[PDB]
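This report refers to the structure that appears directly beneath it.
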Amino acid sequence: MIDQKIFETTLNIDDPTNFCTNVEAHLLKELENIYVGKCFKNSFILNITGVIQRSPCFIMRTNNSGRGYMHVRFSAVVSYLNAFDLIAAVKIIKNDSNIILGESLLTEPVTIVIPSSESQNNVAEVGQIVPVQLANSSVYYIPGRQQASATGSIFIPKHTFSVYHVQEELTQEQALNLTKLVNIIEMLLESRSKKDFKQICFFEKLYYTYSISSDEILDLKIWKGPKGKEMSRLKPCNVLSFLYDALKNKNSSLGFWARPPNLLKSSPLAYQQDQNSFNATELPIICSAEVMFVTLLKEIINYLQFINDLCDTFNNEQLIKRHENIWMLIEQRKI
Amino acid sequence: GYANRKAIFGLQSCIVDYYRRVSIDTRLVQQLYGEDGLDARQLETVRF
Amino acid sequence: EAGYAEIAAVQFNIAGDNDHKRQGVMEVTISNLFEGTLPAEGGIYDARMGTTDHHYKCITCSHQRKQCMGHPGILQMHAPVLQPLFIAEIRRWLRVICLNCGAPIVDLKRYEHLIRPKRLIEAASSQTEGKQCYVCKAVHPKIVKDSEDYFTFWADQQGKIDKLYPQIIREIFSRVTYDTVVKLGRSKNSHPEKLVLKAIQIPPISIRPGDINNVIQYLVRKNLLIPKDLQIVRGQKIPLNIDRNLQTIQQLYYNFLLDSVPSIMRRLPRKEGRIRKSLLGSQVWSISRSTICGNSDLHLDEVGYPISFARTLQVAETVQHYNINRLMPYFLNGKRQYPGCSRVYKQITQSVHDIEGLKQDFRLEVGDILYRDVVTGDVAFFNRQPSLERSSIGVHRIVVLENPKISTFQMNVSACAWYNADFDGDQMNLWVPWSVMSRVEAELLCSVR
Amino acid sequence: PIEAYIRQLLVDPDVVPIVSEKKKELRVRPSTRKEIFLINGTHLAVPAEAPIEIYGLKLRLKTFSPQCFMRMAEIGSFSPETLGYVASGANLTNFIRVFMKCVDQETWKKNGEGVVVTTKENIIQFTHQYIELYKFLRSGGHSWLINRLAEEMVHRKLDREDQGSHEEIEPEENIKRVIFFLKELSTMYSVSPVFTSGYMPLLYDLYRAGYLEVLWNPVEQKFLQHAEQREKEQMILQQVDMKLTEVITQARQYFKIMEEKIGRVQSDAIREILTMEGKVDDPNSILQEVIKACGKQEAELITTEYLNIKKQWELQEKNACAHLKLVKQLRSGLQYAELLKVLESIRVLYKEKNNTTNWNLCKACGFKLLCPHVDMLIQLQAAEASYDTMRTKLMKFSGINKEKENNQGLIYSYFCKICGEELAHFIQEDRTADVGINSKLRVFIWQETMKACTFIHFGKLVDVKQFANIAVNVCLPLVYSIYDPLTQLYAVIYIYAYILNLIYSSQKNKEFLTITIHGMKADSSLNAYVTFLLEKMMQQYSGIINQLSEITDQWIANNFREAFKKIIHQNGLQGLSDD
Amino acid sequence: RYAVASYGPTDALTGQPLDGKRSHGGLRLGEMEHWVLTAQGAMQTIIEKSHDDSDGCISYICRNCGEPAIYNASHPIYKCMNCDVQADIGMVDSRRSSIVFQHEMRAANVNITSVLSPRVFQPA
Amino acid sequence: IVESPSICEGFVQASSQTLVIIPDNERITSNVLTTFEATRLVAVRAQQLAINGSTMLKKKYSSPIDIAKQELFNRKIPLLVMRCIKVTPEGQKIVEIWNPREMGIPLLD
Amino acid sequence: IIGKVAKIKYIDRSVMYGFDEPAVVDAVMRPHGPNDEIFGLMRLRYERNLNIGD
Amino acid sequence: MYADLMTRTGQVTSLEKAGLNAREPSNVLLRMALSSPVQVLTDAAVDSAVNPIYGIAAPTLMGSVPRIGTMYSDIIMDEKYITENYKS
Ligand SMILES: [Zn+2]
Ligand SMILES: [Zn+2]
Ligand SMILES: [Zn+2]
Ligand SMILES: [Zn+2]
């Protein structure tokens, strides 16, 4: 993601006299020179928003240099990349007989180590760009590097899902916290809305779990996308307005919640039931509404960002048709 | 030399702080250095 | 990128297997020293642990000889080895816990009122032989120390004798809970499991430049003999060759650490030891020594200093806009006249330039550092050993003696009272401060007035 | 994928210990030592691997404090899993307490709070809940939430200590006139008047000025005049010293240019006459050089050329060319891969490829750009060059040779002859690789070499022990490069190949001791010696050869040939040490 | 008589000058002279002599765990092999004899963790 | 039961501190520089002048030491003396900020 | 004063006169040691008068 | 200074190793330097001793300098004075 963070550090001032003339300007300039664009303290710093607190410019005591130092506590906008995250712009750099290295072209500088032992990623072309699914491993943030080290693989849509048994609901504060998530949803959704629908529906249909031959323009007056399969007589529930009404406290969120493969993932809708009619091969996960809401909203964020990045990178037909062997492998694995 | 080194290693931690006390990093050894707070080099012999 | 910092506190702990595995940068696997002109990788001389030559750099920090402090390695022992420094501690832990279930034998609550340093000592001091354990129904044997070496332990169960190998000691200590350790006074970081090592730490190359290397090589070679999959259980008979090999390994490690305390710990104690010769004392540059002499024409705060020594010791003057004109005559003299200069530091190249190989510059660049000769009027620290009073080191104004035949440090006879000196053959040190910070403090604080 | 291994990796954390009973059906072993409970409630432990039966499990709900979470956020470099673990522990979040609470009933009781499960399938439910709990703690969710709340709480704390938190009038007439005196003296002495209530800095200023008599005696005017006078002589002496030193500087410049133009002999002679005149460092050396040893014009050109060099130096000071800043980024170290391209961007400004003996010049401006040894030093630094491999390569740039025997100052460092920069330093040779790479194989090579002496003919007396020691030092490192019978056969092959190298070396260099075989002529073909040595080796070591069922006469002859090549390649032609 | 230089032969282990005139090394500022300089308050003189002129160097210590770290401005290395992801390296003015002294104690299975002085901030 | 070590304990990094400046009217330390403090001020200023050289001294001197001494004597030195009084367990660092431009200089010249 | 190189091309293990006062080479000889080998023996003489500090 | 140091704990301590261990039990580095570093180092490790850095020997053994004399009071840069008076 892209989020705010607070760091503490110590800066060495070679010439205290010149430095103290414009302390704030010099401090911001030096912090931007040192920390912007590097990995530090399990994060990758993008921007230095400001300095909250700082120390007086002390004079170093243990040597005869007359040089100075200052303790700086500064707030910076950084990026933390999680597991199972979608990156829709990963250009392959190294494809040798041992390992595959690709580089991302997004706001999260990350090198992707793709194991060359799976039929999806075994055959590719150097210079081709491809969306990448991150494995269930922590992203390495080696200090001082210009990039984040993380393993990944070409994103094949999966056939499984999970069911959450929620027995405890939200409070007012626990919903005001998720207000930020729904704000992120609506921002990404406006970003989707400000762009033409042809490639939107193309990518959404191509990354649908099943084969979508029929064309539909399903509308919710807030989210637009192609309609797919249903599940008998079950009708989805929009999690966005669901959480809004739960904050308004005119609805109960208890029960079974699910995000099946046939469901429109990037849409804010999901399944809720009073008893599991889902033919899931995994046991239901007993939990509260905090974990299920945060996971579902994070998944919606991830898929919306994935579609937005796909449409941002691939602008014309040449880009989409240059990599059509990846897309062919994509159709080859859908039901 | 045997007595000088042992005396210093026991006494060297005593440092005059900002209250003119003599302490060991937190712990008072003297409430006031020499009980008068003066320097040995700045003393005059005067009759009463 | 690395900020300025100071050490506020130091914590002392026992280094276990995990500490050695984390802090180590490489694993020693071979007994070979050098593959030609470079150290063999995987050996005890491997460059990943540091460098001491100009022929190669440290693989870890990518520094030269001067800037590399060394990094530690790991040697995975085929059999567990006891820690030489804490053998006595091990004995204590062998006299308080049961050897079959690990539960404490003495009542912990009987030592609650004691201070935690002495709980274990005064709990193991009392006899514990023959006491019956409350949870496994086992009789505690007596832990007798082998009189022929500093590490071997025997267990005596009413005449039944057994040898407690380090693997057995580890299996006994690992069964002890942290509750027992805490209620016995010792901290969680002082768990007895750390007293038995299977991955010893190879000290960095900066510690053993160039006998200690011979001991380490012997230890590695004899460790390679022990089978890697050797298993020891209590009551098992052991072939004599393996027993003597384990004896040799443990003795080699003990002599590597506590040889008759060449060993690591022998470097510490005495006057010529690490602490009193390298830390509390110091060998320094830019210092002079000569026999002192009487001179009644010098002031009490002045010292007569030979011109030959004045041209050897230097004073570091930083070039600025105010002293460009004063320092310039020093620059033009060089090493061919007095007063002159011998060496110039440039900010432009961030390096050091000679004065004889550099004669194409009309003047100096602002920011340069000029190392000029010592002149009359400079301050110098003037010392006589032993330094009993704090007037034994004083700052005098230098009077340079232009006579080339004078080799003594001349001073007024009335100045001898500061140093308890006389002219029967005494010698006194003299070093001229060159740093601006040290030169300021010599004039203001350390002046003999 | 049986339940046992799942319960096994459940054991890893300090949480979820084991209650063990001798009469049950579950059986798992730990990966490390584990502190466990039992029925009858005894707290014991188990070693790394030991068969332990599982009566049930208990996850402890460890209660931390918010101060610990604040301290970690102050550190601000922890993984989200640990932060969430502590936040759930410190009642700051409600995740672990929710994923748990699968209790069958309160069937067991001890000190700490926790979830207890002692059944056959509810233990499976406990395992599933635990795995999904850490899956949530590791996933994309719970990472935005915990990091955001930690940042918010740190910011709120900074607000708590930031936003929620944070006289003299007139002196006396005596001190009024004293401060008037100090005000008038400020423009005259290093004194600045302050207005402290305690009058104390004023007292120190008066004491330092050496005149404390203002306080009682109204005689301040004489000290004012004294200060004016003293400042006057100070200024006079300062100006006199400045004039003297500028005269000295100009005279030294004149004499330096004289030295560089007319030579050391004439310049030092003129120094001699000036030295026995008391007028050195005074520009009357101009008059001396006018009427002595040359004409007035040859000194006029010296004066004009001095002024020309002064103008050139002033122009160089006026330089603001781009190249200058580039040189700075070349002299900061800073990531070799970047200084390499800095050197690339600088080398485009060279003029005539300036290999040696003079500076590189900047085509853009005209002044000096970069000495060649700096270019070579940068190339070596970016080219993983060791100090010794860097000190020796920068030896063609070595400074002034034995031309100067010494300048009375002992130096341990080389300097560049082009500019004077320090190339490197040399004090002593390291000599630690002298020890390169078991008394048994050494003793074997030594003993087999001593046995070989029985068929070797030396043309003079030879120390047979010294011969055997040299043979060990040659053969042993080579045998290690290749106590089983095959290692012995290799050692023998190398000893005989070393003997063949000595015979060959004595045939090639007549200064070497003549070495042959008993009954063979010194001029015998090398093939005759090879044939004899192979036959001798096969006869003498037939017992070792017969233990090695895979070794053929062809294999021995090939390894003997390769051993002989390796010895010649590593050691060259070797002789053994008139009358 | 003796007077040597600003630099010269150096001890391999401690990084200090050699002993006496015979080895062309420096002269000793022993234990009793640091007592006098401390008594006089001459602390910048001790830095000049015992650090700048004898063996003074730069030691890098990680804040998060107190173990020695690895820093290199050129060929960027910023790492710590005890925490490895959360390293906060700060430089401390030390001398080579002390680093050798600390390594020898670690060679004796004694863990040496240095607690760096905490950051101090204004309340504004 | 005192159990296995956790992550709450075992921290090596000391917590950060808040600089508590004693108000001017509530100060206890002397209004006179000690010889140690004056010497440190002069040395620091001289070294910084050797680095930068930018000064507002009206007179001219050819040495950083002399310029620093005259700056201290003329009360034009851009430095402050912070006298650390106490480090409180809760985190505060109570100090005293003194201005050498309004204290008595113990030196002589 | 004494030239000495070890054949590896060559490394210089020379012996240098490290004394401030100049000497005069008084006697040079090449005797044979107990091991029947050449070693270099040089005698340096100093003209010493009585000077200040004796 | 002798009497006040030797009698600050309520008992007459000595100027030897035993006396230093009573007045200053936690100053291991100073205690190591005095008499026997090996014995003190072994006891410090088992006791998990924490050694604050103060005095002379503790900063000296760690390569730093004591906070004494000129180093006792640290110097901070006058931010307010420079901005109005100096220029960049
Ligand atoms: Zn290194
Ligand atoms: Zn028992
Ligand atoms: Zn140019
Ligand atoms: Zn660390």
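The chains in the structure tokens are called A, B, ... from first to last as shown; in each chain the residues are counted from 1, and the ligands are counted from 1 in the order shown.
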Leaving out residue 27 in chain B and any residue of its chain fewer than 4 positions from it, which residues lie within 10 Å of it when counting only C-alpha atoms, given as a compact mmCIF listing (two decimals) with C-alpha atoms, in the first residue's frame?
```
# COMPACT_ATOMS: atom_id res chain seq x y z
CA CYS B 14 33.76 10.77 42.22
CA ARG B 21 28.05 17.69 45.29
CA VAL B 22 30.35 14.69 44.90
CA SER B 23 28.52 11.65 43.57
CA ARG H 8 29.11 6.31 52.31
CA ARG H 23 30.35 0.58 46.65
```
List the spatial neighbours of range 161-164 of chain C as a PyMOL selection string - criterion: any atom at most 12 Å away, only C-alpha atoms, same-chain residues fewer than 3 positions off excluded. chain C and resi 80-82+90-91+94+99+141-146+151-158+167-172+232-238+243+247
How about saving the chosen residues, N, CA, C and O atoms kept, as a compact mmCIF listing (two decimals), in the first residue's frame?
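Here's the written file result31.txt:
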```txt
# COMPACT_ATOMS: atom_id res chain seq x y z
N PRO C 80 28.85 -32.05 21.60
CA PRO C 80 28.74 -30.88 22.48
C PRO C 80 30.00 -30.68 23.32
O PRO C 80 30.69 -31.63 23.68
N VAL C 81 30.29 -29.41 23.61
CA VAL C 81 31.46 -29.04 24.38
C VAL C 81 31.04 -28.08 25.48
O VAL C 81 30.17 -27.22 25.29
N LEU C 82 31.63 -28.24 26.66
CA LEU C 82 31.31 -27.40 27.80
C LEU C 82 32.03 -26.06 27.70
O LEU C 82 33.10 -25.94 27.11
N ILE C 90 28.27 -24.83 35.87
CA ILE C 90 27.66 -26.09 35.48
C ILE C 90 27.53 -27.01 36.68
O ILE C 90 26.46 -27.58 36.94
N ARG C 91 28.61 -27.12 37.47
CA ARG C 91 28.57 -27.96 38.66
C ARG C 91 27.42 -27.56 39.57
O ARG C 91 26.69 -28.43 40.08
N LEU C 94 24.34 -28.91 38.38
CA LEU C 94 24.27 -30.35 38.51
C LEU C 94 23.95 -30.80 39.93
O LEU C 94 23.72 -32.00 40.14
N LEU C 99 18.53 -35.41 37.85
CA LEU C 99 19.16 -35.82 36.60
C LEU C 99 18.25 -36.68 35.73
O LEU C 99 18.68 -37.09 34.65
N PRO C 141 22.33 -38.82 42.56
CA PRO C 141 23.73 -39.19 42.80
C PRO C 141 24.57 -37.95 43.10
O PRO C 141 24.16 -36.81 42.86
N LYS C 142 25.77 -38.19 43.62
CA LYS C 142 26.67 -37.09 43.92
C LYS C 142 27.51 -36.75 42.69
O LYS C 142 27.96 -37.64 41.96
N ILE C 143 27.67 -35.46 42.44
CA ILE C 143 28.41 -34.96 41.29
C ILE C 143 29.83 -34.68 41.77
O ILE C 143 30.09 -33.68 42.43
N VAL C 144 30.76 -35.58 41.43
CA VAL C 144 32.15 -35.46 41.85
C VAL C 144 32.97 -34.90 40.70
O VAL C 144 32.77 -35.27 39.53
N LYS C 145 33.85 -33.96 41.02
CA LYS C 145 34.71 -33.35 40.02
C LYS C 145 35.93 -34.22 39.79
O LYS C 145 36.59 -34.65 40.75
N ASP C 146 36.25 -34.47 38.53
CA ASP C 146 37.45 -35.23 38.20
C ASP C 146 38.69 -34.42 38.58
O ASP C 146 38.83 -33.26 38.17
N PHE C 151 37.32 -30.05 33.64
CA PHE C 151 35.99 -30.12 33.04
C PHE C 151 35.25 -31.44 33.25
O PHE C 151 34.02 -31.43 33.19
N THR C 152 35.94 -32.55 33.49
CA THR C 152 35.27 -33.84 33.55
C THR C 152 34.48 -33.99 34.84
O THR C 152 34.96 -33.64 35.92
N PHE C 153 33.25 -34.49 34.72
CA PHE C 153 32.36 -34.70 35.85
C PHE C 153 31.94 -36.16 35.91
O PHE C 153 31.66 -36.78 34.87
N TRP C 154 31.89 -36.71 37.12
CA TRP C 154 31.42 -38.06 37.34
C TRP C 154 30.20 -38.03 38.25
O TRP C 154 30.07 -37.16 39.12
N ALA C 155 29.29 -38.97 38.02
CA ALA C 155 28.11 -39.16 38.86
C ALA C 155 28.28 -40.45 39.64
O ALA C 155 28.54 -41.51 39.05
N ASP C 156 28.16 -40.36 40.96
CA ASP C 156 28.32 -41.51 41.86
C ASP C 156 26.99 -41.79 42.53
O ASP C 156 26.51 -40.99 43.35
N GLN C 157 26.38 -42.92 42.18
CA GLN C 157 25.17 -43.42 42.82
C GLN C 157 25.58 -44.59 43.72
O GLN C 157 25.56 -45.75 43.30
N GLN C 158 25.97 -44.26 44.95
CA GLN C 158 26.33 -45.24 45.97
C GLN C 158 27.31 -46.28 45.44
O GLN C 158 27.13 -47.49 45.60
N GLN C 167 27.05 -34.05 26.06
CA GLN C 167 25.72 -34.28 25.51
C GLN C 167 24.73 -34.68 26.59
O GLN C 167 23.58 -34.22 26.59
N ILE C 168 25.16 -35.52 27.54
CA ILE C 168 24.31 -35.87 28.67
C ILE C 168 24.02 -34.64 29.51
O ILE C 168 22.90 -34.45 30.00
N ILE C 169 25.02 -33.77 29.69
CA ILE C 169 24.82 -32.55 30.46
C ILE C 169 23.81 -31.64 29.77
O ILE C 169 22.95 -31.03 30.43
N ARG C 170 23.90 -31.52 28.44
CA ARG C 170 22.89 -30.75 27.72
C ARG C 170 21.51 -31.35 27.86
O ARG C 170 20.53 -30.63 28.07
N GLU C 171 21.39 -32.68 27.74
CA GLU C 171 20.07 -33.30 27.85
C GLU C 171 19.50 -33.10 29.25
O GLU C 171 18.28 -33.00 29.42
N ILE C 172 20.36 -33.05 30.26
CA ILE C 172 19.90 -32.80 31.62
C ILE C 172 19.47 -31.35 31.80
O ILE C 172 18.42 -31.06 32.38
N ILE C 232 25.20 -39.90 22.24
CA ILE C 232 25.61 -40.27 23.59
C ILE C 232 24.37 -40.29 24.47
O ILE C 232 23.61 -39.31 24.50
N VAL C 233 24.16 -41.39 25.19
CA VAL C 233 23.10 -41.50 26.17
C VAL C 233 23.72 -41.97 27.48
O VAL C 233 24.78 -42.61 27.50
N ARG C 234 23.05 -41.64 28.59
CA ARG C 234 23.59 -41.97 29.90
C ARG C 234 23.57 -43.48 30.12
O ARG C 234 22.55 -44.14 29.89
N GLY C 235 24.70 -44.02 30.58
CA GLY C 235 24.85 -45.44 30.78
C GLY C 235 25.40 -46.20 29.59
O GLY C 235 25.63 -47.41 29.71
N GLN C 236 25.62 -45.53 28.47
CA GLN C 236 26.16 -46.18 27.28
C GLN C 236 27.68 -46.26 27.35
O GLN C 236 28.35 -45.28 27.69
N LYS C 237 28.22 -47.42 27.02
CA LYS C 237 29.67 -47.59 26.95
C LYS C 237 30.19 -46.97 25.65
O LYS C 237 29.55 -47.05 24.60
N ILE C 238 31.37 -46.36 25.74
CA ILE C 238 31.94 -45.63 24.61
C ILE C 238 33.29 -46.25 24.24
O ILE C 238 34.08 -46.58 25.14
N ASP C 243 36.44 -41.69 23.22
CA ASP C 243 36.53 -41.03 24.52
C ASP C 243 37.76 -40.14 24.59
O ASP C 243 37.68 -38.98 25.03
N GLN C 247 38.07 -36.08 24.91
CA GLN C 247 38.97 -35.49 25.89
C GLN C 247 39.91 -34.48 25.24
O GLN C 247 40.10 -33.37 25.75
```
Selection: 9 Å around range 64-73 of chain F, only C-alpha atoms, excl. self and same-chain fewer than 5 positions, as an NGL selection string: (:C and (322-323 or 436-437 or 439-440)) or (:D and (190-192 or 205)) or (:F and (38 or 41-50 or 53 or 55-57 or 59 or 78 or 100-101 or 105 or 107 or 109))
Output the selection as an mmCIF file, in the first residue's frame - N, CA and C atoms for each residue.
```cif
data_model
loop_
_atom_site.group_PDB
_atom_site.id
_atom_site.type_symbol
_atom_site.label_atom_id
_atom_site.label_comp_id
_atom_site.auth_asym_id
_atom_site.auth_seq_id
_atom_site.Cartn_x
_atom_site.Cartn_y
_atom_site.Cartn_z
ATOM 1 N N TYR C 322 41.637 34.401 6.848
ATOM 2 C CA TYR C 322 42.332 35.258 7.799
ATOM 3 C C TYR C 322 43.799 34.892 7.971
ATOM 4 N N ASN C 323 44.156 33.617 7.807
ATOM 5 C CA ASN C 323 45.526 33.160 8.003
ATOM 6 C C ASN C 323 46.198 32.744 6.698
ATOM 7 N N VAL C 436 43.220 22.016 16.629
ATOM 8 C CA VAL C 436 42.795 23.308 17.159
ATOM 9 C C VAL C 436 42.129 23.133 18.517
ATOM 10 N N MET C 437 41.301 22.096 18.662
ATOM 11 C CA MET C 437 40.613 21.866 19.929
ATOM 12 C C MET C 437 41.600 21.591 21.057
ATOM 13 N N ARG C 439 44.781 22.444 21.029
ATOM 14 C CA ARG C 439 45.661 23.597 21.176
ATOM 15 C C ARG C 439 44.999 24.706 21.981
ATOM 16 N N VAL C 440 43.680 24.858 21.850
ATOM 17 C CA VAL C 440 42.955 25.835 22.661
ATOM 18 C C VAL C 440 43.019 25.452 24.132
ATOM 19 N N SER D 190 37.801 44.483 24.372
ATOM 20 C CA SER D 190 36.964 43.304 24.147
ATOM 21 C C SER D 190 36.007 43.120 25.328
ATOM 22 N N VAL D 191 35.067 44.055 25.434
ATOM 23 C CA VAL D 191 34.069 44.057 26.498
ATOM 24 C C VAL D 191 32.721 44.432 25.897
ATOM 25 N N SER D 192 31.681 43.687 26.268
ATOM 26 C CA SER D 192 30.316 44.011 25.888
ATOM 27 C C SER D 192 29.467 44.056 27.154
ATOM 28 N N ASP D 205 34.283 41.214 33.753
ATOM 29 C CA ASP D 205 34.850 42.060 32.706
ATOM 30 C C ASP D 205 35.850 43.052 33.288
ATOM 31 N N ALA F 38 34.102 27.422 29.482
ATOM 32 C CA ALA F 38 34.667 28.465 28.631
ATOM 33 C C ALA F 38 35.687 27.887 27.656
ATOM 34 N N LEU F 41 33.783 26.024 24.954
ATOM 35 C CA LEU F 41 33.165 26.970 24.031
ATOM 36 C C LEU F 41 34.190 27.536 23.058
ATOM 37 N N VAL F 42 35.342 27.966 23.576
ATOM 38 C CA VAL F 42 36.361 28.560 22.718
ATOM 39 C C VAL F 42 36.898 27.529 21.733
ATOM 40 N N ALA F 43 37.128 26.296 22.193
ATOM 41 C CA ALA F 43 37.639 25.257 21.304
ATOM 42 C C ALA F 43 36.637 24.921 20.207
ATOM 43 N N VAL F 44 35.358 24.783 20.564
ATOM 44 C CA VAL F 44 34.336 24.466 19.571
ATOM 45 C C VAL F 44 34.222 25.588 18.550
ATOM 46 N N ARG F 45 34.205 26.839 19.020
ATOM 47 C CA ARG F 45 34.097 27.964 18.100
ATOM 48 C C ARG F 45 35.320 28.061 17.198
ATOM 49 N N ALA F 46 36.513 27.808 17.744
ATOM 50 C CA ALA F 46 37.725 27.852 16.933
ATOM 51 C C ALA F 46 37.713 26.771 15.862
ATOM 52 N N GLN F 47 37.288 25.556 16.219
ATOM 53 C CA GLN F 47 37.217 24.491 15.224
ATOM 54 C C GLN F 47 36.188 24.808 14.146
ATOM 55 N N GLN F 48 35.029 25.340 14.539
ATOM 56 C CA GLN F 48 34.013 25.690 13.551
ATOM 57 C C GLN F 48 34.491 26.813 12.638
ATOM 58 N N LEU F 49 35.229 27.782 13.187
ATOM 59 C CA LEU F 49 35.825 28.822 12.356
ATOM 60 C C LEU F 49 36.849 28.235 11.394
ATOM 61 N N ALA F 50 37.637 27.265 11.860
ATOM 62 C CA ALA F 50 38.539 26.555 10.963
ATOM 63 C C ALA F 50 37.782 25.806 9.878
ATOM 64 N N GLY F 53 34.646 29.704 8.960
ATOM 65 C CA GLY F 53 35.320 30.983 8.897
ATOM 66 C C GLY F 53 34.414 32.193 8.875
ATOM 67 N N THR F 55 32.388 34.874 10.489
ATOM 68 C CA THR F 55 32.268 35.489 11.803
ATOM 69 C C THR F 55 31.845 36.942 11.644
ATOM 70 N N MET F 56 31.229 37.476 12.699
ATOM 71 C CA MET F 56 30.808 38.870 12.741
ATOM 72 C C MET F 56 31.708 39.719 13.632
ATOM 73 N N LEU F 57 32.902 39.229 13.948
ATOM 74 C CA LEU F 57 33.845 40.009 14.735
ATOM 75 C C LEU F 57 34.347 41.190 13.915
ATOM 76 N N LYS F 59 36.936 43.221 14.620
ATOM 77 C CA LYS F 59 38.385 43.210 14.525
ATOM 78 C C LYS F 59 38.854 42.011 13.703
ATOM 79 N N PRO F 78 28.082 32.139 18.816
ATOM 80 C CA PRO F 78 26.798 31.476 18.523
ATOM 81 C C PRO F 78 26.719 30.066 19.106
ATOM 82 N N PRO F 100 25.974 31.954 26.980
ATOM 83 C CA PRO F 100 27.288 32.477 27.381
ATOM 84 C C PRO F 100 27.489 33.946 27.046
ATOM 85 N N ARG F 101 26.493 34.571 26.425
ATOM 86 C CA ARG F 101 26.544 35.998 26.134
ATOM 87 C C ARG F 101 26.051 36.845 27.295
ATOM 88 N N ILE F 105 32.582 35.477 32.109
ATOM 89 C CA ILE F 105 33.645 34.669 31.525
ATOM 90 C C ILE F 105 34.788 34.593 32.534
ATOM 91 N N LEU F 107 37.855 33.525 32.007
ATOM 92 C CA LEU F 107 39.168 33.585 31.383
ATOM 93 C C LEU F 107 39.777 34.976 31.550
ATOM 94 N N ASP F 109 42.481 37.947 29.568
ATOM 95 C CA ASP F 109 43.173 38.417 28.370
ATOM 96 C C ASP F 109 43.233 39.941 28.357
#
```
Test item: residues lying within 10 Å of ligand 3 with only C-alpha atoms and all ligand atoms, as number ranges by chain: D: 319-326, 346, 349-350, 361-369
Keeping only C-alpha atoms, write the selected residues as an mmCIF file, in the first residue's frame.
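As written to disk, selection_36.cif reads:
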```
data_model
loop_
_atom_site.group_PDB
_atom_site.id
_atom_site.type_symbol
_atom_site.label_atom_id
_atom_site.label_comp_id
_atom_site.auth_asym_id
_atom_site.auth_seq_id
_atom_site.Cartn_x
_atom_site.Cartn_y
_atom_site.Cartn_z
ATOM 1 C CA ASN D 319 37.274 29.690 -12.235
ATOM 2 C CA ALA D 320 33.654 28.525 -12.047
ATOM 3 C CA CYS D 321 33.820 25.758 -14.656
ATOM 4 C CA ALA D 322 31.577 22.700 -14.517
ATOM 5 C CA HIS D 323 34.449 20.203 -14.285
ATOM 6 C CA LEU D 324 35.365 21.463 -10.811
ATOM 7 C CA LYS D 325 32.157 20.241 -9.192
ATOM 8 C CA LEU D 326 32.501 16.925 -11.017
ATOM 9 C CA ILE D 346 35.089 13.635 -16.716
ATOM 10 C CA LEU D 349 37.084 16.663 -21.268
ATOM 11 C CA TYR D 350 40.669 15.462 -21.767
ATOM 12 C CA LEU D 361 43.797 19.957 -18.966
ATOM 13 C CA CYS D 362 40.152 20.996 -19.272
ATOM 14 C CA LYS D 363 39.169 21.910 -22.828
ATOM 15 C CA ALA D 364 36.113 23.791 -21.541
ATOM 16 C CA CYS D 365 38.101 26.253 -19.401
ATOM 17 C CA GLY D 366 41.860 25.686 -19.793
ATOM 18 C CA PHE D 367 43.085 24.926 -16.263
ATOM 19 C CA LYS D 368 44.145 21.596 -14.769
ATOM 20 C CA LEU D 369 41.504 18.860 -14.718
#
```
